[PDB]
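Data file: query-v3.cif. Format and content: mmCIF, C-alpha atoms.
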data_input
loop_
_atom_site.label_atom_id
_atom_site.label_comp_id
_atom_site.auth_asym_id
_atom_site.auth_seq_id
_atom_site.Cartn_x
_atom_site.Cartn_y
_atom_site.Cartn_z
CA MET A 6 -30.06 201.55 65.95
CA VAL A 7 -33.57 201.65 64.48
CA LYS A 8 -34.58 198.63 62.39
CA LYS A 9 -37.15 199.11 59.63
CA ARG A 10 -40.10 196.83 58.86
CA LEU A 11 -41.41 197.64 55.37
CA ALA A 12 -44.17 195.87 53.46
CA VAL A 13 -45.68 195.89 49.97
CA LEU A 14 -49.00 194.04 49.64
CA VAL A 15 -50.40 193.33 46.17
CA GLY A 16 -53.76 191.77 45.34
CA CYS A 17 -55.24 191.29 41.86
CA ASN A 18 -58.84 190.14 41.51
CA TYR A 19 -59.09 191.38 37.89
CA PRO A 20 -62.76 192.30 38.45
CA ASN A 21 -65.13 192.55 35.49
CA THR A 22 -62.66 190.79 33.17
CA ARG A 23 -62.20 187.35 31.63
CA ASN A 24 -59.71 186.39 34.37
CA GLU A 25 -61.63 187.21 37.54
CA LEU A 26 -60.45 186.06 40.96
CA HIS A 27 -62.23 186.64 44.26
CA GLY A 28 -59.90 185.98 47.20
CA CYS A 29 -56.77 187.97 46.37
CA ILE A 30 -57.79 191.27 47.98
CA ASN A 31 -59.02 189.38 51.05
CA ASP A 32 -55.57 187.77 51.25
CA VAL A 33 -54.00 191.24 51.30
CA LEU A 34 -56.31 192.60 54.00
CA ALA A 35 -55.77 189.53 56.19
CA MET A 36 -51.99 189.66 55.80
CA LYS A 37 -52.00 193.40 56.51
CA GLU A 38 -53.78 192.75 59.81
CA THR A 39 -51.30 189.99 60.70
CA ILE A 40 -48.18 192.13 60.21
CA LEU A 41 -49.79 195.12 61.95
CA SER A 42 -50.66 193.07 65.05
CA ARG A 43 -48.26 190.14 65.42
CA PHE A 44 -45.12 191.41 63.65
CA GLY A 45 -45.02 195.08 64.66
CA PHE A 46 -45.37 196.68 61.23
CA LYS A 47 -46.63 200.27 61.12
CA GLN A 48 -49.33 201.68 58.86
CA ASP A 49 -47.00 204.28 57.32
CA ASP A 50 -44.55 201.51 56.31
CA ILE A 51 -47.11 199.43 54.37
CA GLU A 52 -48.06 200.03 50.73
CA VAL A 53 -51.22 198.30 49.48
CA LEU A 54 -51.84 197.86 45.74
CA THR A 55 -55.21 196.26 44.94
CA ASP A 56 -57.30 196.48 41.77
CA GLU A 57 -60.82 197.04 43.05
CA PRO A 58 -62.60 199.52 40.75
CA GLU A 59 -62.33 202.51 43.11
CA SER A 60 -58.64 201.93 43.89
CA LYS A 61 -56.35 204.96 43.74
CA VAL A 62 -53.08 203.01 43.29
CA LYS A 63 -53.64 200.01 41.04
CA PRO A 64 -51.18 197.07 41.04
CA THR A 65 -49.74 197.72 37.60
CA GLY A 66 -46.35 196.32 36.64
CA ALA A 67 -44.74 199.73 37.06
CA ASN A 68 -46.48 200.51 40.36
CA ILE A 69 -45.57 197.14 41.88
CA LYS A 70 -41.91 197.42 40.89
CA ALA A 71 -41.82 201.04 42.08
CA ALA A 72 -43.19 200.03 45.48
CA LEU A 73 -40.69 197.17 45.78
CA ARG A 74 -38.07 199.68 44.61
CA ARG A 75 -38.92 202.07 47.45
CA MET A 76 -38.38 199.25 49.94
CA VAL A 77 -35.05 198.70 48.24
CA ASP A 78 -33.03 201.92 48.76
CA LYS A 79 -34.35 202.09 52.33
CA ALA A 80 -32.58 198.93 53.55
CA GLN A 81 -29.25 199.82 55.18
CA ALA A 82 -26.21 197.57 55.52
CA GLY A 83 -25.76 196.11 58.99
CA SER A 84 -29.21 197.19 60.22
CA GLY A 85 -31.01 193.89 59.62
CA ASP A 86 -34.01 195.57 57.99
CA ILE A 87 -37.10 193.42 57.45
CA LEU A 88 -38.77 193.69 54.04
CA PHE A 89 -42.03 191.89 53.24
CA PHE A 90 -43.86 191.39 49.94
CA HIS A 91 -47.19 189.59 49.58
CA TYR A 92 -48.71 188.86 46.18
CA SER A 93 -52.10 187.27 45.54
CA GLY A 94 -53.12 187.08 41.90
CA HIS A 95 -52.57 185.30 38.61
CA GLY A 96 -49.24 183.79 37.67
CA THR A 97 -48.00 182.41 34.37
CA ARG A 98 -45.07 180.72 32.65
CA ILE A 99 -43.32 182.05 29.55
CA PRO A 100 -40.74 180.26 27.32
CA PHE A 108 -36.43 173.96 26.54
CA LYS A 109 -37.17 175.92 29.70
CA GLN A 110 -39.86 178.22 31.07
CA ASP A 111 -39.68 181.30 33.28
CA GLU A 112 -42.07 182.03 36.12
CA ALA A 113 -43.89 185.34 36.42
CA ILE A 114 -46.72 187.18 38.13
CA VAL A 115 -49.45 188.97 36.19
CA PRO A 116 -50.11 192.58 37.27
CA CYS A 117 -53.50 194.07 36.49
CA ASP A 118 -52.11 195.66 33.30
CA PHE A 119 -50.34 192.38 32.34
CA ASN A 120 -46.91 194.06 32.51
CA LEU A 121 -45.30 190.78 33.49
CA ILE A 122 -42.76 190.63 36.32
CA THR A 123 -40.65 187.50 35.83
CA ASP A 124 -38.21 185.54 37.98
CA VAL A 125 -35.19 187.50 36.75
CA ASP A 126 -36.87 190.71 37.93
CA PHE A 127 -37.08 189.37 41.49
CA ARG A 128 -33.53 188.01 41.29
CA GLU A 129 -32.39 191.52 40.33
CA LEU A 130 -34.41 192.90 43.25
CA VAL A 131 -32.87 190.71 45.96
CA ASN A 132 -29.38 191.43 44.57
CA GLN A 133 -30.01 195.11 45.40
CA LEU A 134 -30.20 194.33 49.13
CA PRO A 135 -27.36 194.49 51.65
CA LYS A 136 -26.18 191.55 53.71
CA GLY A 137 -28.18 190.97 56.88
CA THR A 138 -31.45 192.31 55.48
CA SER A 139 -34.31 189.93 54.70
CA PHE A 140 -36.76 190.05 51.78
CA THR A 141 -39.63 187.69 52.62
CA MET A 142 -41.91 187.12 49.63
CA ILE A 143 -45.22 185.24 49.84
CA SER A 144 -46.60 184.70 46.32
CA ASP A 145 -50.03 183.05 46.41
CA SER A 146 -50.17 182.59 42.65
CA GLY A 147 -49.92 179.90 40.02
CA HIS A 148 -46.45 178.76 38.96
CA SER A 149 -45.03 180.71 41.90
CA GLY A 150 -42.25 178.22 42.66
CA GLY A 151 -38.93 179.64 41.51
CA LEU A 152 -40.07 183.27 41.27
CA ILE A 153 -36.72 184.31 42.78
CA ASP A 154 -34.39 182.86 40.17
CA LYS A 155 -31.40 180.87 41.48
CA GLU A 156 -32.71 181.07 45.06
CA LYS A 157 -31.85 177.71 46.62
CA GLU A 158 -34.84 175.41 47.01
CA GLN A 159 -35.19 174.45 50.68
CA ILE A 160 -38.63 172.80 50.39
CA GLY A 161 -39.81 171.47 47.05
CA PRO A 162 -39.76 168.62 44.53
CA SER A 163 -35.97 168.20 44.81
CA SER A 164 -35.61 168.66 48.58
CA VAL A 165 -38.48 166.58 50.04
CA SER A 166 -39.10 162.85 49.75
CA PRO A 171 -51.38 157.59 50.14
CA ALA A 172 -53.58 159.96 48.13
CA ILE A 173 -55.91 162.43 49.82
CA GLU A 174 -59.34 162.96 48.27
CA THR A 175 -59.63 166.23 46.37
CA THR A 176 -61.07 169.12 48.37
CA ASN A 177 -64.82 169.65 48.16
CA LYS A 178 -64.35 173.43 48.20
CA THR A 179 -65.20 175.49 45.14
CA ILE A 180 -61.85 176.47 43.63
CA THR A 181 -60.52 178.49 40.70
CA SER A 182 -57.00 178.41 39.29
CA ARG A 183 -54.67 181.38 39.84
CA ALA A 184 -52.70 180.59 36.66
CA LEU A 185 -53.22 182.00 33.18
CA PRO A 186 -52.06 180.07 30.10
CA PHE A 187 -49.34 181.71 28.03
CA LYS A 188 -51.78 182.10 25.13
CA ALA A 189 -54.25 183.96 27.36
CA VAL A 190 -51.54 186.43 28.38
CA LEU A 191 -50.38 186.86 24.78
CA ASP A 192 -53.93 187.44 23.52
CA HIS A 193 -54.58 190.02 26.24
CA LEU A 194 -51.50 191.97 25.18
CA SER A 195 -52.58 191.65 21.54
CA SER A 196 -55.90 193.31 22.41
CA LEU A 197 -53.88 196.32 23.63
CA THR A 198 -51.17 196.54 20.96
CA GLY A 199 -53.18 195.57 17.89
CA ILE A 200 -50.17 193.65 16.54
CA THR A 201 -50.06 189.87 16.09
CA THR A 202 -46.76 188.17 16.89
CA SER A 203 -45.72 185.20 19.02
CA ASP A 204 -42.94 187.16 20.78
CA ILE A 205 -44.46 188.32 24.06
CA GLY A 206 -41.49 190.62 24.66
CA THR A 207 -42.35 192.60 21.53
CA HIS A 208 -45.80 193.38 22.93
CA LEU A 209 -44.40 194.22 26.37
CA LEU A 210 -41.70 196.54 25.01
CA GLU A 211 -44.25 198.30 22.79
CA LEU A 212 -46.75 198.78 25.62
CA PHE A 213 -44.48 199.60 28.57
CA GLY A 214 -41.04 200.53 27.21
CA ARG A 215 -38.52 201.07 30.00
CA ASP A 216 -41.12 199.76 32.48
CA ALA A 217 -41.20 196.31 30.85
CA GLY A 218 -39.57 193.33 32.52
CA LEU A 219 -35.80 193.02 32.65
CA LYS A 220 -35.90 189.92 30.43
CA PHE A 221 -37.60 191.88 27.64
CA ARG A 222 -35.54 195.09 27.73
CA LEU A 223 -32.06 193.55 27.63
CA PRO A 224 -30.60 191.56 24.74
CA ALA A 225 -29.96 187.98 25.78
CA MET A 226 -26.17 188.35 25.99
CA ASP A 227 -26.41 191.63 27.91
CA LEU A 228 -28.68 189.84 30.38
CA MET A 229 -26.10 187.04 30.59
CA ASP A 230 -23.40 189.53 31.61
CA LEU A 231 -25.78 190.92 34.23
CA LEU A 232 -26.59 187.46 35.62
CA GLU A 233 -22.87 186.70 35.95
CA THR A 234 -22.52 189.65 38.32
CA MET A 235 -25.42 188.31 40.39
CA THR A 236 -24.00 184.77 40.46
CA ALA A 237 -20.77 186.21 41.88
CA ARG A 238 -22.62 188.27 44.50
CA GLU A 239 -24.91 185.39 45.49
CA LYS A 240 -21.86 183.40 46.62
CA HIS A 241 -21.53 185.83 49.56
CA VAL A 242 -24.91 187.62 49.99
CA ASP A 243 -28.26 185.81 50.04
CA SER A 244 -31.17 187.88 51.36
CA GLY A 245 -34.17 186.51 49.44
CA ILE A 246 -36.84 184.32 51.05
CA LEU A 247 -39.62 183.06 48.76
CA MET A 248 -42.67 181.19 50.07
CA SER A 249 -44.58 180.10 46.97
CA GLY A 250 -48.14 178.83 46.95
CA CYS A 251 -47.27 175.97 44.60
CA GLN A 252 -44.47 174.43 42.57
CA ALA A 253 -43.18 175.90 39.32
CA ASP A 254 -45.29 173.37 37.36
CA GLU A 255 -48.45 173.82 39.46
CA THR A 256 -51.19 176.38 40.05
CA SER A 257 -52.55 177.88 43.26
CA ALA A 258 -56.21 177.66 44.25
CA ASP A 259 -58.58 180.60 44.67
CA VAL A 260 -61.17 179.27 47.13
CA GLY A 261 -64.79 180.40 47.23
CA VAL A 262 -67.13 182.52 45.14
CA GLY A 263 -68.01 186.20 44.85
CA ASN A 264 -69.75 186.40 48.23
CA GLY A 265 -67.01 188.48 49.88
CA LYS A 266 -65.56 185.50 51.77
CA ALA A 267 -63.20 184.06 49.14
CA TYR A 268 -59.53 183.50 49.92
CA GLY A 269 -56.36 181.96 48.58
CA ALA A 270 -55.75 178.41 49.76
CA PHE A 271 -52.08 179.08 50.52
CA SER A 272 -52.62 182.48 52.15
CA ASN A 273 -55.34 181.00 54.37
CA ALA A 274 -53.10 178.06 55.28
CA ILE A 275 -50.43 180.55 56.38
CA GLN A 276 -52.98 182.38 58.55
CA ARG A 277 -54.15 179.10 60.10
CA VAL A 278 -50.61 178.01 61.01
CA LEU A 279 -49.97 181.41 62.60
CA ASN A 280 -53.27 181.22 64.51
CA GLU A 281 -52.33 177.79 65.89
CA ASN A 282 -48.71 178.72 66.78
CA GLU A 283 -48.30 182.06 68.55
CA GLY A 284 -44.57 181.63 69.18
CA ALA A 285 -41.81 182.51 66.76
CA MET A 286 -41.62 180.09 63.83
CA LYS A 287 -38.74 179.26 61.51
CA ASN A 288 -39.21 179.94 57.81
CA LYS A 289 -38.79 176.24 57.01
CA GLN A 290 -41.30 175.30 59.71
CA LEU A 291 -43.97 177.70 58.44
CA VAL A 292 -43.86 176.31 54.90
CA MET A 293 -43.84 172.69 56.09
CA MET A 294 -46.86 173.23 58.35
CA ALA A 295 -48.64 175.11 55.55
CA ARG A 296 -47.97 172.11 53.30
CA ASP A 297 -49.48 169.88 55.99
CA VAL A 298 -52.63 172.03 56.10
CA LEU A 299 -53.20 171.98 52.34
CA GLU A 300 -52.42 168.26 52.06
CA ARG A 301 -54.93 167.35 54.78
CA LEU A 302 -57.60 169.64 53.28
CA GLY A 303 -57.39 167.95 49.87
CA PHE A 304 -55.54 170.69 47.99
CA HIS A 305 -53.02 169.34 45.50
CA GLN A 306 -50.72 172.37 45.29
CA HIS A 307 -47.38 172.04 47.09
CA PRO A 308 -46.05 175.25 48.69
CA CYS A 309 -42.30 175.66 48.33
CA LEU A 310 -39.56 177.56 50.16
CA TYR A 311 -36.52 179.19 48.56
CA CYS A 312 -33.83 180.82 50.71
CA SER A 313 -30.34 180.31 52.10
CA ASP A 314 -29.61 177.64 54.70
CA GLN A 315 -29.24 180.35 57.36
CA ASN A 316 -32.57 181.98 56.49
CA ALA A 317 -34.35 178.61 56.40
CA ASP A 318 -33.46 178.37 60.11
CA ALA A 319 -34.32 182.01 60.85
CA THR A 320 -37.67 183.00 62.32
CA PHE A 321 -40.46 184.25 60.07
CA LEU A 322 -40.23 188.06 59.82
CA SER A 323 -37.63 187.94 62.62
CA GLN A 324 -40.21 187.38 65.35
CA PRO A 325 -38.46 187.06 68.76
#
Transcribe the structure of this file into structure tokens.
Amino acid sequence: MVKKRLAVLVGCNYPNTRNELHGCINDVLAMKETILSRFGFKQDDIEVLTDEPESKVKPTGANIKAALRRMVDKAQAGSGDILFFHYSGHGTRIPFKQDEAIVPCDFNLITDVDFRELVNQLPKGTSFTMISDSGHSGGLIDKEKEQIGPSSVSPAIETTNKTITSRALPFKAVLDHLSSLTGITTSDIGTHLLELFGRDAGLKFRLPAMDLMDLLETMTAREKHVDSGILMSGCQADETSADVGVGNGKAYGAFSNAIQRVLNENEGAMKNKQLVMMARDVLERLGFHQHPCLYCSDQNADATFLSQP
């Protein structure tokens, strides 16, 4: 029985804009080399969506969700397929409570209910490992149980001397960017997103609130018996993630680089909980104040990262 190893790698540098980053595409290329070498992924099973000017497939909201949607609908029940999704780019929070989201290059926001809907499309036994090196990345898979974070873990280190830039955009910056495209002025971000993207907008913005409630009740019932999502966030829900370096071609994400360092120092198979904890140790010692978090079931917290033997 053939097992599939599929990957979608997304990197947004937003070049030549007001929200430029410099290490996100390098994060994608480094993670692509890691899964090709160490974890047995094949070139034909990896989709890369980066926003360099000459890119042929840009990481728009529709293109990202379509790529994740092609990984869905290939996972088979009882096959234990291995799905992987890496995101390096800007994140944001949108409104008593706030939702977490990533910011595609066209600002077609993908929120935490979108990823909760995604993991509920997967059969039991399959794994969806998501590494989101972005601001406010904690909780990007809504209702996924926090295994490592502010509610599951118990001297101050001097702040890093590296040159860093935040991978989080304020809500006003996202709203103003969408206003520059629509030409309308309203405080409802869903109105801009529905106008711009229509059926390709986020699930939160297409469904009326009570219709979304009925949909979430079906997921709550399914999550009591199937739990396939594994989220490794670069920071907490109330934090940002650091983009390290300048535009010299050597920039990187602090969390993505910490993951690569832990893998370089531990060649054997590593549990999902162990990888996040050691990545937290790396960033804490290096003076970074972001706290990577882990969200998955108890069984997947004890499973090896990407099912390495």
Once the PyMOL selection byres ((chain A and resi 209) around 12) is applied to the coordinates I shared, what remains selected? I want it as an MDAnalysis selection string.
chainID A and resid 66 118:122 190:191 193:195 197:198 200 202:208 210:222
Subject >> Who sits within 10 Å of residue 175 in chain A, all atoms listed in the file, same chain under 3 positions skipped, as a ChimeraX atom specification >> reply: /A:172,178,300-305
>> I need the output of the PyMOL selection byres ((chain A and resi 270) around 8) for this file as a VMD selection string; which residues are they?
In response: chain A and resid 257 to 260 268 to 269 271 to 274 299 304
Q) If the PyMOL selection byres ((chain A and resi 47) around 10) is run on the structure shown, which residues does it catch, given as a PyMOL selection string? A) chain A and resi 9-12+37+40-42+44-46+48-51
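Here CA of residue 54 in chain A and CA of residue 280 in chain A stand 25.1 Å from one another.
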Just range 231-274 of chain A from the block, N, CA and C atoms, as an mmCIF file, in the first residue's frame, could you?
data_model
loop_
_atom_site.group_PDB
_atom_site.id
_atom_site.type_symbol
_atom_site.label_atom_id
_atom_site.label_comp_id
_atom_site.auth_asym_id
_atom_site.auth_seq_id
_atom_site.Cartn_x
_atom_site.Cartn_y
_atom_site.Cartn_z
ATOM 1 N N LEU A 231 -22.199 25.020 10.704
ATOM 2 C CA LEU A 231 -21.066 24.303 10.130
ATOM 3 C C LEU A 231 -20.057 23.914 11.204
ATOM 4 N N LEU A 232 -19.796 24.814 12.156
ATOM 5 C CA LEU A 232 -18.840 24.512 13.216
ATOM 6 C C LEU A 232 -19.349 23.413 14.142
ATOM 7 N N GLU A 233 -20.671 23.291 14.294
ATOM 8 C CA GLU A 233 -21.220 22.217 15.115
ATOM 9 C C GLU A 233 -20.950 20.851 14.500
ATOM 10 N N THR A 234 -20.951 20.763 13.168
ATOM 11 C CA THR A 234 -20.607 19.502 12.520
ATOM 12 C C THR A 234 -19.131 19.173 12.696
ATOM 13 N N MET A 235 -18.274 20.195 12.758
ATOM 14 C CA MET A 235 -16.852 19.951 12.973
ATOM 15 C C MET A 235 -16.573 19.567 14.420
ATOM 16 N N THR A 236 -17.258 20.210 15.369
ATOM 17 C CA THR A 236 -17.097 19.848 16.774
ATOM 18 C C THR A 236 -17.462 18.388 17.008
ATOM 19 N N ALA A 237 -18.507 17.905 16.333
ATOM 20 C CA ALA A 237 -18.894 16.506 16.476
ATOM 21 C C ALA A 237 -17.857 15.578 15.854
ATOM 22 N N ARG A 238 -17.309 15.956 14.697
ATOM 23 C CA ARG A 238 -16.303 15.121 14.047
ATOM 24 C C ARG A 238 -14.982 15.136 14.803
ATOM 25 N N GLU A 239 -14.625 16.273 15.408
ATOM 26 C CA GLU A 239 -13.353 16.378 16.113
ATOM 27 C C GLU A 239 -13.307 15.517 17.368
ATOM 28 N N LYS A 240 -14.458 15.056 17.862
ATOM 29 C CA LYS A 240 -14.466 14.141 18.996
ATOM 30 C C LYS A 240 -13.944 12.757 18.636
ATOM 31 N N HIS A 241 -13.813 12.446 17.347
ATOM 32 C CA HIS A 241 -13.362 11.132 16.908
ATOM 33 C C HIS A 241 -12.237 11.167 15.884
ATOM 34 N N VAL A 242 -12.046 12.270 15.162
ATOM 35 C CA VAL A 242 -10.976 12.404 14.180
ATOM 36 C C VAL A 242 -10.226 13.696 14.467
ATOM 37 N N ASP A 243 -8.898 13.605 14.560
ATOM 38 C CA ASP A 243 -8.067 14.772 14.855
ATOM 39 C C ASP A 243 -6.748 14.593 14.107
ATOM 40 N N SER A 244 -6.644 15.218 12.935
ATOM 41 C CA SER A 244 -5.515 15.015 12.038
ATOM 42 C C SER A 244 -4.630 16.244 11.879
ATOM 43 N N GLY A 245 -4.970 17.364 12.512
ATOM 44 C CA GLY A 245 -4.224 18.597 12.328
ATOM 45 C C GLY A 245 -3.087 18.745 13.328
ATOM 46 N N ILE A 246 -1.936 19.188 12.824
ATOM 47 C CA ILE A 246 -0.749 19.446 13.636
ATOM 48 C C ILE A 246 -0.217 20.816 13.236
ATOM 49 N N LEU A 247 -0.332 21.792 14.133
ATOM 50 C CA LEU A 247 0.125 23.152 13.878
ATOM 51 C C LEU A 247 1.340 23.463 14.738
ATOM 52 N N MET A 248 2.423 23.879 14.089
ATOM 53 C CA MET A 248 3.617 24.386 14.759
ATOM 54 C C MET A 248 3.732 25.864 14.404
ATOM 55 N N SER A 249 3.292 26.727 15.314
ATOM 56 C CA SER A 249 3.291 28.161 15.070
ATOM 57 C C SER A 249 4.620 28.778 15.487
ATOM 58 N N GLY A 250 4.981 29.874 14.815
ATOM 59 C CA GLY A 250 6.196 30.585 15.167
ATOM 60 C C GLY A 250 6.091 31.413 16.428
ATOM 61 N N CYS A 251 4.875 31.699 16.881
ATOM 62 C CA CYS A 251 4.666 32.530 18.059
ATOM 63 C C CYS A 251 3.276 32.244 18.614
ATOM 64 N N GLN A 252 2.954 32.902 19.723
ATOM 65 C CA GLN A 252 1.633 32.784 20.313
ATOM 66 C C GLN A 252 0.619 33.590 19.504
ATOM 67 N N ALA A 253 -0.656 33.439 19.870
ATOM 68 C CA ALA A 253 -1.710 34.182 19.187
ATOM 69 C C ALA A 253 -1.558 35.685 19.385
ATOM 70 N N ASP A 254 -1.006 36.106 20.524
ATOM 71 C CA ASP A 254 -0.849 37.517 20.851
ATOM 72 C C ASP A 254 0.569 38.024 20.605
ATOM 73 N N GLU A 255 1.354 37.315 19.803
ATOM 74 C CA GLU A 255 2.734 37.681 19.519
ATOM 75 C C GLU A 255 2.934 37.847 18.017
ATOM 76 N N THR A 256 4.144 38.252 17.647
ATOM 77 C CA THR A 256 4.586 38.271 16.263
ATOM 78 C C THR A 256 5.806 37.370 16.117
ATOM 79 N N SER A 257 6.144 37.064 14.869
ATOM 80 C CA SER A 257 7.317 36.270 14.542
ATOM 81 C C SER A 257 8.342 37.143 13.829
ATOM 82 N N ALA A 258 9.616 36.866 14.088
ATOM 83 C CA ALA A 258 10.698 37.739 13.656
ATOM 84 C C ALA A 258 11.225 37.327 12.288
ATOM 85 N N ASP A 259 11.368 38.308 11.400
ATOM 86 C CA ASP A 259 12.094 38.154 10.148
ATOM 87 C C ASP A 259 13.505 38.688 10.371
ATOM 88 N N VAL A 260 14.496 37.804 10.293
ATOM 89 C CA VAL A 260 15.862 38.109 10.707
ATOM 90 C C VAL A 260 16.700 38.440 9.481
ATOM 91 N N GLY A 261 17.417 39.553 9.540
ATOM 92 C CA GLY A 261 18.362 39.928 8.508
ATOM 93 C C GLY A 261 17.865 41.087 7.664
ATOM 94 N N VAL A 262 18.625 41.366 6.606
ATOM 95 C CA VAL A 262 18.308 42.447 5.680
ATOM 96 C C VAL A 262 18.228 41.887 4.266
ATOM 97 N N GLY A 263 18.118 42.773 3.278
ATOM 98 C CA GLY A 263 17.985 42.353 1.897
ATOM 99 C C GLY A 263 19.298 42.018 1.221
ATOM 100 N N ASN A 264 20.116 41.188 1.868
ATOM 101 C CA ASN A 264 21.381 40.741 1.304
ATOM 102 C C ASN A 264 21.314 39.310 0.785
ATOM 103 N N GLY A 265 20.119 38.726 0.716
ATOM 104 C CA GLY A 265 19.951 37.366 0.256
ATOM 105 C C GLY A 265 20.167 36.298 1.304
ATOM 106 N N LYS A 266 20.455 36.676 2.550
ATOM 107 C CA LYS A 266 20.725 35.718 3.615
ATOM 108 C C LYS A 266 19.694 35.780 4.735
ATOM 109 N N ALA A 267 18.614 36.536 4.557
ATOM 110 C CA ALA A 267 17.614 36.673 5.602
ATOM 111 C C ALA A 267 16.847 35.367 5.793
ATOM 112 N N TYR A 268 16.238 35.231 6.969
ATOM 113 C CA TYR A 268 15.513 34.016 7.311
ATOM 114 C C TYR A 268 14.518 34.322 8.419
ATOM 115 N N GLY A 269 13.542 33.429 8.569
ATOM 116 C CA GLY A 269 12.639 33.505 9.703
ATOM 117 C C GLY A 269 13.266 32.867 10.933
ATOM 118 N N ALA A 270 13.107 33.543 12.074
ATOM 119 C CA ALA A 270 13.706 33.054 13.313
ATOM 120 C C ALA A 270 13.200 31.661 13.663
ATOM 121 N N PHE A 271 11.896 31.426 13.506
ATOM 122 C CA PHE A 271 11.333 30.125 13.853
ATOM 123 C C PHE A 271 11.738 29.059 12.842
ATOM 124 N N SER A 272 11.649 29.377 11.547
ATOM 125 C CA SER A 272 12.034 28.411 10.522
ATOM 126 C C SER A 272 13.496 28.009 10.666
ATOM 127 N N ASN A 273 14.365 28.973 10.978
ATOM 128 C CA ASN A 273 15.778 28.663 11.167
ATOM 129 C C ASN A 273 15.998 27.832 12.425
ATOM 130 N N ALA A 274 15.232 28.106 13.484
ATOM 131 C CA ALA A 274 15.333 27.299 14.696
ATOM 132 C C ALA A 274 14.937 25.853 14.425
#
